[PDB]
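Structural overview for review
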Amino acid sequence: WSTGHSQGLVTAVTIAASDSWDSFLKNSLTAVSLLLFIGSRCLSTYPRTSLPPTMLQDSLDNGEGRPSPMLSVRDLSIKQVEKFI
Amino acid sequence: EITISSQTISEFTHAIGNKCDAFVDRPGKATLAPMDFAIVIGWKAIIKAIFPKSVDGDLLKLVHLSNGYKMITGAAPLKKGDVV
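Method of determination, as given in the entry header: cryo-EM; reported resolution: 3.3 Å.

What follows is the structure, encoded as structure tokens:
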């Protein structure tokens, strides 16, 4: 069996439909056409804008990453991250 | 009189490459327009001043020298429904 992460899950569902090389090619086409729509719409819906340079300057001085719509927190259980949020 | 719509604002901001989030439509916040949009509003009124017969010269060799914005003290910046 196989499955995919946030994005690649489409590649996983392609593989489960892939039989030959041409079938693989066709399904890959339907895939990249799909993920292109996703890339387009998920930006046109929430367009990333500029960010106050104080913010990212501080964040990079704090060793954190360049701010982005998604943040990864480590070493902390769910029950307490949900308490901080 | 022109109606400042969201589409015009978006097109303009993209044409100038402005990322300031006050102009991109976000829920729960009034859509703001860039202060430089006035020239878009006022060009067809501004340039009519260099046409009159008394100011007669080579229109082709015209050069734009300087521009200046000044918000009236206490004036509200533009919104996406303003009839201007």
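Let us now look at the packing of aromatic side chains. Under the criterion given, the structure shown has two aromatic pairs over all chains. An angle of 90° between the planes, with centres 5.9 Å apart, marks the rings of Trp-21 of chain A and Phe-24 of chain A as edge-to-face. In this pair, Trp-21 of chain A and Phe-24 of chain A both sit in helix α2 (residues 21-45), three residues apart, roughly one turn of the helix. Classification of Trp-21 of chain A as exposed rests on a relative accessible area of 72%. Judged by its relative accessible area of 33%, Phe-24 of chain A is partly exposed. With 5.7 Å between their ring centres and 70° between their planes, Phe-12 of chain B and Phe-37 of chain B make a pair best called edge-to-face. Taken together, the residues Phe-12 of chain B in helix α1 (residues 6-16) and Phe-37 of chain B in helix α2 (residues 37-46) connect sequence positions 25 residues apart. Here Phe-37 of chain B falls in the buried class, since its relative accessible area comes to 4%. Taking NZ or CZ as reference, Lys-83 of chain A lies 3.6 Å from the ring centre of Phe-84 of chain A, over its face. Taking the ring centre of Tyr-46 of chain A as reference, the NZ or CZ of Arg-26 of chain B above it sits at 4.2 Å.

Definitions and cut-offs
- As presented, residues are numbered from 1 along each chain according to the written sequence, a scheme that may differ from that of the entry, and residues lacking coordinates are left out.
- Lettering of chains starts at A and numbering of ligands starts at 1, both following the order in which they are written.
- Any value quoted here refers to the chains shown, not to the larger assembly they are part of.
- The basis for the side-chain values is all heavy atoms of the structure; hydrogens and waters are excluded.
- Whether two aromatic rings pair depends on their centres lying within 6.5 Å, for rings of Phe, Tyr and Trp, where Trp uses its six-membered ring; planes under 30 degrees apart make the pair stacked, over 60 edge-to-face, and the rest tilted.
- Put simply, DSSP marks the helices as runs of H or I at least four residues long and the strands as runs of E at least two long, and each gets a number from the N terminus on.
- We call a residue buried when its accessible area falls under 20% of the maximum for its residue type, exposed when it is over 50%, and partly exposed in between, using a 1.4 Å probe and counting protein chains only.
- For a ring to carry a charge above it, either NZ of a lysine or CZ of an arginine must fall within 6 Å of the ring centroid while also lying within 35 degrees of the normal to the ring plane.

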